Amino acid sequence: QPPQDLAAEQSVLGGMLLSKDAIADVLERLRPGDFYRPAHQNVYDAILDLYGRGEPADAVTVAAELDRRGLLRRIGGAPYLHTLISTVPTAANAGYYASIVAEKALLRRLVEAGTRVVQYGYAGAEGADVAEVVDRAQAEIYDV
């Protein structure tokens, strides 16, 4: 089970749906890819799409952005967004929760890179010489 904090992911998304100011704080710390759960990445991307267009991102506008993308039934609909809101009182701590999500994502990519390096050792790189295999494995750990 890869490094993750699903509770922190829920709090981040809930905070973002409650406050525009929390979105700016989260953008500071997170990338799309940092969310372990694909549904959470979908929600995050929908929030950012609306925010980047200067449109409000709340339970209603976000559900509609998801639906336009055909993604609403995959997250579990508008009732999931309401569940996300309820994991946090207010959006005050959103940056803090985003820092947990980012730290767990670093660790998870470290684990993924490490397993990829192992895969390089056992299998090489499509017939490449060991020198190339070693350069590729070193870049894997660099890209964390």
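Numbers follow the displayed sequence, beginning with 1.
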Regarding 13 to 21 and 125 to 133, which shows the higher C-alpha temperature factor on average in the entry? 125 to 133
Looking at the deposited entry, does 59 to 67 or 88 to 96 carry the larger mean Cα B-factor? 88 to 96
Maximum C-alpha temperature factor, selected from 105, 26, 50, 75: 75
Looking at the C-alpha B-factor of residue 109, is it in the lowest, middle or highest third of its chain? middle
Assigned third (lowest, middle, highest) for the C-alpha B factor of residue 40: lowest
